[PDB]
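To start, the structure under review is shown below, and the notes come after it.
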Amino acid sequence: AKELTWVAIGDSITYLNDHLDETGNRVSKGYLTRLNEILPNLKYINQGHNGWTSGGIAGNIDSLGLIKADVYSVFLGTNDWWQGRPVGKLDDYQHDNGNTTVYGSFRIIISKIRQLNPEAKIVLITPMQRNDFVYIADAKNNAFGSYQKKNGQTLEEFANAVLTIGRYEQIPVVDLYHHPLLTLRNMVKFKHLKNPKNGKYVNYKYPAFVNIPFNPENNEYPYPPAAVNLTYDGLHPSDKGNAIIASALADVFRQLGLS
Ligand SMILES: [Cl-]
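The sequence shown begins at 19 in the deposited numbering and counts up by one.
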């Protein structure tokens, strides 16, 4: 019945597929679930680790319980960007300079996959753009969007590194970063914020909201249900976001002959 085991390696965007309560139930189907609806012979294993960088994945690579499978996807980098990890250069992927850059981490991860199954298909997924993130369970956990550099690096540099590794290895890449539907303006409808001039709440869409302070101690959660668009919190995909991701991933799986 064309059954294929698919290990999905990732961060919270992958993790949350099977923990919808952690989205505040804003999401009903994650991208693994949706991929499987499109390609029902693909049997996912969720190796998404909540909050992890590619550095964390690579650094713990022998302790994740990774198993032999027919196809692996790797969807990492957004947390590396936020944490300011150096992207590195292709040389860090080609040679063992340690788990000290994103390129280095991908070297470790792809090498492990090939150890597990030298015959397995591999797909890389670039980070999606992200707007201002506010954690639904604790608003003190927040981050600015990818319109701004973090530690001198753009999120686009991380997407470009993934694309470069894909080209070097002749491994297909799902480019979410440059996906024409996955734009900053469509991440959230508005941020619900106090107007500094009068203390009253106002719906500020993007890019207006970049100019309005958010104080999590003096402001309700700034992304009520009405704010959901491609994400429910600035960062993590909504049902709509997950559908677009799953469709893009399904196209690549088809091209690889996995359908
Ligand atoms: Cl699972």
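Don't be surprised by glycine CBs; every beta carbon is placed ideally from N, CA and C.
Straight-line spacing of the CA atoms in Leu22 and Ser123 works out to 26 Å.
In the structure shown, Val105 adopts coil according to DSSP, grouped into three states.
Inter-residue distance for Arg203 and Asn159 is about 22 Å (C-alpha atoms, whole angstroms). Judged by DSSP in its simplified three-state form, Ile56 adopts helix.
Within the stretch 58-99, the alpha helix (DSSP H) runs of at least 4 residues that lie entirely inside it are, in chain order, 72-77. Looking at the DSSP output, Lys168 bridges to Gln171. The nearest non-hydrogen atom of ligand 1 is 6 Å or more from the C-beta of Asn169. Here DSSP, grouped into helix, strand and coil, assigns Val45 to coil. In the three-state reduction of the DSSP assignment, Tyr219 falls in the strand class, which pools E and B. For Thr23, there is no enclosing alpha helix (DSSP H); the enclosing beta strand (DSSP E) has its first and last residue at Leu22 to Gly28. Of the other Cβ atoms in all chains shown, fewer than 16 fall within 10 Å of the Cβ of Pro136; this residue is therefore exposed. Within the same chain, and ignoring the five residues on either side of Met146 in sequence, the residues whose Cβ sits closer than 6 Å to its Cβ are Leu194 and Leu200.
Taking all protein chains in view, the Cβ of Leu248 is crowded by 16 or more other Cβ atoms within 10 Å, so the residue is classified as buried. Beyond the five residues adjoining it in sequence on each side, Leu57 comes within less than 8 Å, by CB distance, of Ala268, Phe271, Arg272, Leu276 and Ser277 in the same chain, given in chain order.
The residues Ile154, in chain order, have a CB closer than 6 Å to that of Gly42 in the same chain once the five nearest residues on each side in sequence are set aside. By the CB criterion at 7 Å, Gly66 and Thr32 fall inside the cutoff. The C-alpha of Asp114 lies about 11 Å from the C-alpha of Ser129.
Non-local beta-carbon contacts of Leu253 in its own chain, meaning distances under 7 Å to residues more than five positions away in sequence, involve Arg148 and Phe151 in chain order.
Beta-carbon to beta-carbon, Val105 and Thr119 are separated by about 6 Å, close enough to satisfy the 8 Å threshold.
If you check the CB distance, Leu108 and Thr182 come in under 7 Å.
Per the DSSP secondary-structure output, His113 pairs with nothing in a beta bridge. Going by beta carbons, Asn35 and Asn64 fall inside the 7 Å limit. When DSSP states are grouped into helix, strand and coil, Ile189 belongs to the coil group. Burial is judged here by how many other beta carbons sit within 10 angstroms of a residue's own beta carbon; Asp156 has fewer than 16 and is exposed.
For the pair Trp100 and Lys168, the Cα-to-Cα distance works out to about 6 Å. Closer than 6 Å to some heavy atom of ligand 1: that does not describe the Cβ of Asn54.
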